Amino acid sequence: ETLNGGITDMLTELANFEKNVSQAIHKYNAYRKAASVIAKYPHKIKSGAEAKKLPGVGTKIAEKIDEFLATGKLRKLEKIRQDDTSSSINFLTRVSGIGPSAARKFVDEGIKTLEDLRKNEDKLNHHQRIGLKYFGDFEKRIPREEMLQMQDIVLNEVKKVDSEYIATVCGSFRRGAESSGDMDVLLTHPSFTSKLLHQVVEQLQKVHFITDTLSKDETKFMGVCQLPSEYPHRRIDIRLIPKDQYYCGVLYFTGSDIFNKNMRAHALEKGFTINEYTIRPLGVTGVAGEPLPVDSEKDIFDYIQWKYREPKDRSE
DNA sequence: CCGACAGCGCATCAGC
DNA sequence: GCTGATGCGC
DNA sequence: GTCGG
Ligand code: NA
Ligand code: NA
């Protein structure tokens with residue numbers, strides 16, 4: 001952390017500025033990508049030229065690293081920090097439901113703080129009110145032990161609605177992470193292939209696990225949950241996926257991002273194409289065939305003739 | 001030089 | 001009322 | 001902002 005933490009912190013702060021104030025999502029991802037590859041770099045960087053050797057780091061970031069190494073700061077960043085508007089816009093986006101556009105709208109009309117948000121509840125939609133209500137809780141990490149307890153409840157209540165349901169908690173949790181930011185549940189049922197979600201949601205509300213709803217329709221639910229005691233309120237999403245697309249979904253939403261990118265790359269070489277939903281064979285001219293039958297996660301690995309990777313070892 | 005960079009489900013906004 | 005765009009989370 | 005056609 002102390003190795004290149006100053007550089008990675010700088011790039012992260014620049015990333016947030018680009019996403020929230022400039023609304024340039026690709027510059028945000030560019031800075032994040034650079035911060036990530038530097039955070040994995042097992043050496044204390046001595047120059048921008050050294051860092052430019054890394055993929056994701058180009059001329060501009062190399063220049064910024066040079067300034068940071070020689071002065072301990074970035075003139076552009078310091079000005080951004082001392083900017084009332086930019087800092088207020090940046091902060092407001094920390095409220096769930098408030099993105100760059102809403103934050104801009106709020107700051108433009110004098111709304112800059114949480115207190116300003118509370119005084120103006122009428123200007124906030126339902127999601128933003130919930131985000132405001134659980135501002136502190138939503139910025140807390142979820143320790144794995146709590147994730148296990150939360151998993152216990154979800155699997156139990158899901159089985160109670162119908163024992164033919166299949167539920168899988170994915171995300172970094174499934175990869176064995178010590179902590180998570182939210183709970184991502186993937187749900188399926190043999191009767192559904194290509195009102196099942198409501199029944200499960202309703203039951204989780206019935207036992208007071210789900211406390212609030214952010215967005216709810218046929219296939220994807222977003223809401224708020226809480227362990228019984230007081231535990232912090234947590235963000236939870238539940239996805240209803242067709243049975244024949246389930247394990248492709250489980251694979252996709254388990255990750256990691258870098259892992260999926262590599263598995264798709266290997267699949268391409270073997271003559272298969274993998275997305276979120278299906279794995280399809282490719283023709284001699286590049287045409288994708290019909291979706292292949294998938295009944296387990298290992299089936300996908302079998303098509304690619306790849307050794308099955310345990311979720312624990314899917315960080316890359 | 002210049003386009004890609006993930007994009008889908010859902011809520012809300014803009015226009016008819 | 002509707003359709004399509006925009007915003008947001010992940 | 002960086003990469004690559
Ligand atoms: Na580079
Ligand atoms: Na936000």
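Chain identifiers are assigned alphabetically (A, B, ...) following the order of the sequence lines, protein sequences preceding nucleic acid strands; residue numbering begins at 1 within each chain. These numbers come from the heavy atoms of this one structure, side chains and all, not from hydrogens, waters or symmetry mates.
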Inset, instruction - Give A/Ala24 one of three labels, base, sugar-phosphate or nothing, depending on what nucleic acid heavy atoms sit under 4.0 Å from its own. - result: nothing
Inset, instruction - From the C1'-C2'-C3'-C4' angle alone, say whether D/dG1 leans north (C3'-endo side) or south (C2'-endo side). - result: south
Inset, instruction - Answer yes or no: are there more than 12 heavy-atom neighbours, outside A/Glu290 itself, under 6.0 Å from its atom CD? - result: no
Inset, instruction - With heavy atoms under 4.0 Å as the rule, sort A/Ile98 into base, sugar-phosphate or nothing. - result: sugar-phosphate
Inset, instruction - Hey, can you tell me if A/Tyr303 and A/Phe272 have their rings parallel, tilted or perpendicular (30° and 60° cut-offs)? - result: tilted
Inset, instruction - Once you apply the 3.5 Å cut-off to both distances, tell me the Watson-Crick or G-U wobble partner of B/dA11, or none. - result: C/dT6
Legend entry - Ring centers of A/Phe253, A/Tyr246 separated by less than 6.0 Å: no
Legend entry - Minimum-distance nucleotide (side-chain atoms of A/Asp237 versus C/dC10, B/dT12, B/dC10): C/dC10
Inset, instruction - Examine A/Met222 and A/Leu197 and state if one hydrophobic cluster contains both, with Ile, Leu, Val, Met, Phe, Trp and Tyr joined whenever side-chain heavy atoms are less than 4.5 Å apart. - result: no
Inset, instruction - Mind calculating the distance between CD1 (A/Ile25) and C1' (C/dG7) to the nearest angstrom? - result: 12 Å
Inset, instruction - Output the single nucleotide from C/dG7, B/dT12, B/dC8 whose closest atom is nearest the side chain of A/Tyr277. - result: B/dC8
Legend entry - chain A footprint on DNA chain D, 5' to 3' - any atom under 4.0 Å from a heavy atom: D/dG1 to D/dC3
Legend entry - Linked, directly or transitively: A/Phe221 and A/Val224 (ILVMFWY side chains, under 4.5 Å): no
Inset, instruction - Select base, sugar-phosphate, or nothing to describe what A/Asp182 touches, counting heavy atoms under 4.0 Å on all strands. - result: sugar-phosphate
Legend entry - 5′-ward residue of the pair A/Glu276/A/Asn125 relative to DNA chain B: A/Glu276
Legend entry - Intra-strand stack B/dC5 & B/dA6, ring centres under 5.5 Å, planes under 30°: no
Inset, instruction - Indicate the ring-plane relationship of A/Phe259 and A/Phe301, choosing parallel, tilted or perpendicular according to the 30° and 60° boundaries. - result: tilted
Legend entry - By side chain to side chain contact (heavy atoms under 4.5 Å, CB included) - contacts of A/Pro242 (at least two apart): A/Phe192, A/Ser194, A/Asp244, A/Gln245
Inset, instruction - May I ask you to evaluate whether A/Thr219 reaches the phosphate of B/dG9, defined as a side-chain N or O under 4.0 Å from OP1 or OP2? - result: no
Inset, instruction - Respond yes when some side-chain nitrogen or oxygen of A/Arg235 is under 4.0 Å from OP1 or OP2 of C/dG9, and no when none is. - result: no
Inset, instruction - May I ask you to say what A/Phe138 touches in the nucleic acid, namely base, sugar-phosphate or nothing, with a heavy-atom cut-off under 4.0 Å? - result: nothing
Legend entry - Sugar-phosphate only, base, or nothing, as touched by A/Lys60 at under 4.0 Å among non-hydrogen atoms: sugar-phosphate
